[PDB]
Amino acid sequence: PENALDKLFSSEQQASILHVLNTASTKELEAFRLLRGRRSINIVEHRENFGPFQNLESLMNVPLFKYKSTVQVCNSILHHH
C-alpha cells in the first residue's frame, strides 16, 4: 500500500472522497463531469454488489476506471463535494 493510489491523499482527504463514493446517488455523482454517464451507474452498482469502497485504489475494480482516470475523478470529488 506504500505504492497505492491512496498515498497521494491525506487520510482526511481520502475519507472525504470515500464518503461521496459510498453515499452519493447517480444523479449526485453526475455533477462531477468525469462521472457523467456510465461511470456514475458503475460506482453505485459496484458498491451495491461488492460493498462500500474502503480505499480509493478499489475504484480500479470498476469498469471504465483506470489509474489515471481514478486519480482525476478523486481530485474532482475532493474539491467539489
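Residues numbered from 1 in each chain as written, not as in the entry; some residues may be left out. Heavy atoms only, no water.

Structure determination for this entry is recorded as X-ray crystallography, at 1.302 Å resolution.

This part takes up the environment of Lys68. Locating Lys68 in the fold gives a position in helix α4 (residues 67-80). In this structure the C-alpha to C-alpha distance between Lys68 and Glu2, which are 66 residues apart in sequence, comes to 18 Å. (Helix = DSSP H or I, 4+ residues; strand = E, 2+ residues; numbered from the N terminus.)

Below, the discussion takes up a nonpolar patch on the surface. Together, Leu8, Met60 and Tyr67 make up a nonpolar patch on the protein surface, roughly 280 Å² of accessible area in all. Structurally, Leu8 can be placed in the segment before α1 (11-23). (Patch = residues over 30% accessible without salt bridge, like charges linked within 9 Å, V, L, I, M, F, W, Y side chains within 5 Å. Areas by Shrake-Rupley, 256 points an atom, 1.4 Å probe, with all protein chains shown as cover. Salt bridge = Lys/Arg side-chain N within 4 Å of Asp/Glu carboxyl O.)

Backbone geometry places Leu64, a non-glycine residue, at a positive phi of 80 degrees. As for its placement among the helices and strands, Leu64 is situated in the loop between α3 (38-50) and α4. For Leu64, a relative accessible area of 48% puts it in the partly exposed group. (Buried < 20%, exposed > 50% of the residue type's maximum accessible area, 1.4 Å probe, protein only.)

If you trace the backbone, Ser69 turns up in helix α4. Residue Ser69 is classed as buried on the basis of its relative accessible area of 11%. Aside from chain neighbours lying at most four places away, what touches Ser69 is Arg39 and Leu64. (Contact = heavy atoms within 4.5 Å.)

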